[PDB]
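Chain residues, written in single-letter form:
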Amino acid sequence: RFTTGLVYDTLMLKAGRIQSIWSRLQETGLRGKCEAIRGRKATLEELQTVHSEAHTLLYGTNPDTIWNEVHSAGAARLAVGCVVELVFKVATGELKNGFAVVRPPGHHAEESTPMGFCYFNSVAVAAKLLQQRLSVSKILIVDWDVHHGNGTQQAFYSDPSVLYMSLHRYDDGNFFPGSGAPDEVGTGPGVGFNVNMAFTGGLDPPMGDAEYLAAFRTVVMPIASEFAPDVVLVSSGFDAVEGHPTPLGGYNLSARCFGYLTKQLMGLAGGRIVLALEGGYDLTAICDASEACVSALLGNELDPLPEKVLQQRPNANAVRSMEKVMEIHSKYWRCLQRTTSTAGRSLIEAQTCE
Ligand SMILES: O=C(NO)c1ccc(C(=O)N2CCn3c(-c4ccccc4)cnc3C2)s1
Ligand SMILES: [K+]
Ligand SMILES: [K+]
Ligand SMILES: [Zn+2]
């Protein structure tokens, strides 16, 4: 069946996050309509596309204490394999789109550094193989986890074939992990092809749906469409959703909204989209968003957004964060060179003017 795939495996387990998510997906019936595929460990060679051999050898090998982390490393290896496996099946046609219910997160682990609960950058190794083994010419990586995807930025900071974009809380380098200034735009041949949609201004107020929805309207989608990729890999973290406190979270997106965001990202690349779980720790929130994202992947009719949110103009701290990022990347993209700024308008308004 040519439909929305999933990837699960209970050998990734220490109810937990991915277990709850998977449960929701069953009970809601979305799991039925999807094609659950088989996973595998990532190969040492596969992991070395992104990481160093020294790092691979240390953490890749099978040899409330020290052995906790060892299993989490063993899980992370399997995570990369699942994410590799789904991505290839969607990319080659076998499936329409996907969603990897995998843990731990990955987008933090750097070349030879395990940080932020992350051992191996799943979404990255996936992208690396797409290039090498399927000669894919353009890969879009949207990373909507609340945090900056420092691993993923580094992986492709010189390759203009992989457009990396990241919506995150930045606060002028006063948040985890600290990287991800909008000023960072790539390097060498890959200048212009790294876009940090970096929110500055703290929680006054907290960034919400309208703020992110604006950000898509004005930055993400314009650049992505122009760029026009063959495969979309989303580092789909749900720590932006409501119910993650100030420090290990901060913002208040509805889960509902992430469906809309999936729905929009499906516009690109023939719908060749795959989402992969990163952050998001509140069990209701991540179950909600997972429900919404997969529903949208199956092309189910979506629950309309509250009139309120559709009518709400984005907060100043956002509008200011958008204009700075837009300004910078107006140097490298035509859809930012033509126009005057409209990042202060609500959705309904922006559409009232098409
Ligand atoms: O969501 C994530 N990855 O997907 C995160 C990775 C790392 C995160 C982070 O901000 N950390 C800083 C806070 N922290 C702690 C804390 C330790 C004491 C008090 C508050 C936090 C332990 N580990 C971390 C990692 S969030
Ligand atoms: K890049
Ligand atoms: K991000
Ligand atoms: Zn996170």
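Note on numbering: residues are counted from 1 along each chain in the order of its written sequence, which can differ from the entry, and residues with no coordinates are hidden. To read the labels, note that chains go from A and ligands from 1, taken in the order they are written. Water and hydrogen atoms play no part in the side-chain values, which are based on all heavy atoms of the structure. Residues with missing side-chain atoms are left out of burial classes, side-chain pairs and their counts.

The chain has the name HISTONE DEACETYLASE 4 in the PDB entry, where Homo sapiens is given as its organism.

Before going further, it helps to examine the UniProt feature "active site" in the chain. Mapped onto this numbering, the UniProt entry gives "active site" at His108. Within the secondary structure, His108 sits in the loop between β3 (98-100) and α6 (122-134). Burial status follows relative accessibility: with a 1.4 Å probe on protein chains alone, a residue under 20% of its type maximum counts as buried, one over 50% as exposed, and anything between as partly exposed. You can call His108 buried: its relative accessible area is 5%. With near-sequence residues (within four places) excluded, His108 lies in contact with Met115, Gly116, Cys118, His147, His148, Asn150, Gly151, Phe176 and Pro177. A distance of 3.4 Å separates polar atoms of two side chains, one belonging to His108 and the other to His107. UniProt positions are given in the numbering used here, feature names are shortened, and annotations may be inferred rather than shown by experiment. Each helix is a run of DSSP H or I of at least 4 residues and each strand a run of E of at least 2, with the numbering of both proceeding from the N terminus. The contact definition used throughout considers only heavy atoms, calling two residues in contact when any of these lie within 4.5 Å. Between N or O atoms, a polar contact is any pair within 3.5 Å; within protein, one atom must be a potential hydrogen donor and the other a potential acceptor, and residues adjacent in sequence are included only when both atoms are from side chains.

Attention now goes to the site of ligand 1. Nearness here has a simple test: a residue counts as near a molecule or strand if at least one of its heavy atoms is within 4 Å of that partner. Every residue lining ligand 1 is accounted for by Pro105, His108, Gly116, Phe117, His147, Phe176, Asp239, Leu248, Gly279 and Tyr281. Residue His147 places a side-chain N or O atom 3.5 Å away from an oxygen atom belonging to ligand 1. Here an oxygen atom of ligand 1 and a side-chain polar atom of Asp239 are 3.2 Å apart. Accessible areas in this description were obtained via Shrake-Rupley with a 1.4 Å probe; residue shielding takes into account the shown protein chains only. In isolation ligand 1 has 550 Å² of accessible area, and contact with the protein removes 57% of it. Of the residues belonging to the shell around ligand 1, the class tally is five nonpolar, four polar and one charged. For this classification, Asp, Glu, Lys and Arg are treated as charged, while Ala, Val, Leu, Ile, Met, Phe, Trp, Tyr, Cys and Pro are nonpolar and the rest, including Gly, are polar.

Our focus in this paragraph is the nonpolar core. Residues belong to a common nonpolar core when they are buried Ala, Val, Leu, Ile, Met, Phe, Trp, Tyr or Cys residues joined through side-chain atoms within 4.5 Å. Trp144, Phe238 and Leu265 are the most contacted members of the largest nonpolar core, which totals 109 residues. With 14 residues, the top contributor of residues to this core is helix α5 (residues 67-91). Leaving out residues up to four positions away in the same chain, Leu265 has contacts with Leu140, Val142, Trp144, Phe216, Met221, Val232, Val234 and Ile273.

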